[PDB]
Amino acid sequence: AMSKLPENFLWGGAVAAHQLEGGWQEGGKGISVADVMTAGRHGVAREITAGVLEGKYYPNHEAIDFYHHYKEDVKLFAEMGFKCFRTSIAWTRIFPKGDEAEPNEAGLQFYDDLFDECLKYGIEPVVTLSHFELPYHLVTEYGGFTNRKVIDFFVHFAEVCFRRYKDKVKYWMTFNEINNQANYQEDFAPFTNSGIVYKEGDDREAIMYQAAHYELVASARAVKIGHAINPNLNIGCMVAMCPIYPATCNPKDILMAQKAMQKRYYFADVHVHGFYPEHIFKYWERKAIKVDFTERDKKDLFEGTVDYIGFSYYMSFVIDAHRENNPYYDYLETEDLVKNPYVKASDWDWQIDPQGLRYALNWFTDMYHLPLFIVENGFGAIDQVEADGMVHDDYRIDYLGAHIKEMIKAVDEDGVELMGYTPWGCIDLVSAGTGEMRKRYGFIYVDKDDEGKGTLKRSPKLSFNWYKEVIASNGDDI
């Protein structure tokens, strides 16, 4: 009487350092890109300031103070019975500026301490190396990942981590949601993925492709050094998977969707196959995009392919061919997408499409034939604390449950290889897109609001014991 998922299935929860740690200057930690992004809300972008200003509010400076409370928080993960815990190693804790010859021992010791605590409860760390938090010094001094020299800085950082934690961390990924910057029309993705600050007159698209290239090379180099240090390390990529559906069976919509997925997911082709799709090269030729791309990069990419594909899944998109003056079927994430009339959406307009997770699992499997890891899934919503002192987040339970059902079908009916599942923001943390506390994801409520007020007390939500039971039954009872 076995369950539909494997016994060793990696149930857990996922966060990122800059979103929860706080202690932004503790232990000599340097200023990161997250440290110069002000709070926003749905409809208003976060302000990216030229540094830490006096009149501005930076929610990531303090976040939820996990840096100090992690022992208590990890205890809560263990109560739910996490098999793993996904977080990032704050680049700026190890290399405050990014270009130092030696790593920061206080920073390395903190993660030794964090990882040890997880392992005390049998929780396997899962580590993302870059998660929207590169050293701001790299942005100002080198222009972020628009500079080839930054590749080496990243690989040095990676090597240091691989060496330090080679016997503590089994599962690694290189660049969080590396493909977000396919949307180069807005400032968020290029800043957070790549430390790109645009000036007037910039060819935003060309710059993005150059930075993406350097990151793909850096990823490949990091895969090679990690495996050289310990061949048993599982090192994956991380892509934001938003399936793009054609609006209708009009052949033009069909081609738009195919070409859009090509543009949004070519990163995965490079991570997995070790070379660029020819359609990318043709596109660059057409747009007169020039990329510094050497024979050595070519070799590195081919030799540094990943062991597995980590991905986030929250929603699906729809595209059509309505946009005029688009004879080459270019993809603009901010203009070509339309709403799906067959689904509901969150209060932040994120479409709710659990079945799309099954499509995504199959798409990755059919294209790449690698094991997969759902390393983010979540429902960001306003929570209210009931009279009983608990959030009765049945809406969050319903969302997660619906996706778990589909992922189990993908394993059980479709045969996809799925390593595990870590819901995003398992403890309430500072949101990425908007920098909000009110957009809550957690099984654990944290008392901190968007004016920075609150005790920071942790309290289990209704979803807390729900998920505990999910894990205990290995998904048999949802």
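From 1 onward, residues are counted along the sequence shown.
Across the two stretches, 77-85 and 351-359, the PDB entry reports the greater mean Cα temperature factor for 77-85. Relative to one another, 437-445 and 421-429 have unequal mean CA B-factors, and 437-445 is the one with the higher figure. The PDB entry assigns its highest CA temperature factor, among 251, 277, 201, 236, to 201. For the set 177, 112, 159, 394, the PDB entry puts the maximum C-alpha B factor at 394. Among all modelled residues in its chain, residue 384 ranks in the highest third by Cα B-factor.
Per the PDB record, residue ranking by Cα B-factor puts residue 72 in the highest third of the chain. Split the chain's modelled residues into thirds by C-alpha temperature factor. Residue 304 is in the lowest one. Placement of the Cα temperature factor of residue 215 within the chain: lowest third of the modelled residues, per the deposited record.
Per-chain ranking of the deposited C-alpha B factor places residue 183 in the middle third.
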